[PDB]
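Novice: Pasting the sequence and an experimental structure:
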Amino acid sequence: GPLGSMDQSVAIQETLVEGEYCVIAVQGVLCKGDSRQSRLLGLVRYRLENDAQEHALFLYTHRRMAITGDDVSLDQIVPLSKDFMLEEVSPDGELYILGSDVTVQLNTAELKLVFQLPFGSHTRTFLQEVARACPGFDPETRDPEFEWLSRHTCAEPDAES
């Protein structure tokens, strides 16, 4: 009974693979038309025996309640790059878009979706990890890295969903 956090992080760790290192992984939502969908987020930090490390934003699919980690594995890949940027949705709420929820819109070079994560709690940890994941709030940030992702082959795309 860890209390304060579910097992998202663990779920990925099991699905991930040895030698690697899981840092954080929450659970967001994706709303389209009138069909609600559930997506499992994950962040993995990979280091080299020579120091030189790299980060990438892993995407894990999952059923409605397949969060457990039992039936969820790599579904896509999103490597942090300069073209990466997060945009808040027009508040027009009262003073805050979050509070009781988290409204964030990822505007990458091509990736453009809407994720609704739960207010802080386990979501806050994710935000901070992303910042250090490479951006390290630098005014001259511009050095994408993904040459090591090729290592990953992701689950078999035989889903035919």
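Specialist: Structure received. Numbering: from 1, shown residues only.

Novice: okay, now residue 61: neighbour count?
Specialist: Here the number of neighbours of residue 61 (other Cβ atoms under 10 Å) works out to 18. C-betas here are computed from N, CA, C, even on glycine.

Novice: for this protein, what spans make up the helices?
Specialist: With DSSP state H, the ranges of helices along the chain come out as 8-15, 123-132.

Novice: Just name the most buried of these.
Specialist: Burial among the helices of the chain, expressed as mean neighbours by mean count of other Cβ atoms under 10 Å, is greatest for helix 8-15, which shows a mean of 20.

Novice: ok, back up a step: can the helices of the chain go into CSV with extra columns for distance to residue 157?
Specialist: Formatted as CSV, the entries for these read as follows, by distance: least, Cβ to Cβ, whole Å:
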stretch, distance to residue 157
helix 8-15, 16
helix 123-132, 26
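
Novice: quick one, which of those is nearest to residue 25?
Specialist: Minimum separation from residue 25 across these (Cβ to Cβ) falls at helix 8-15, 4.4 Å.
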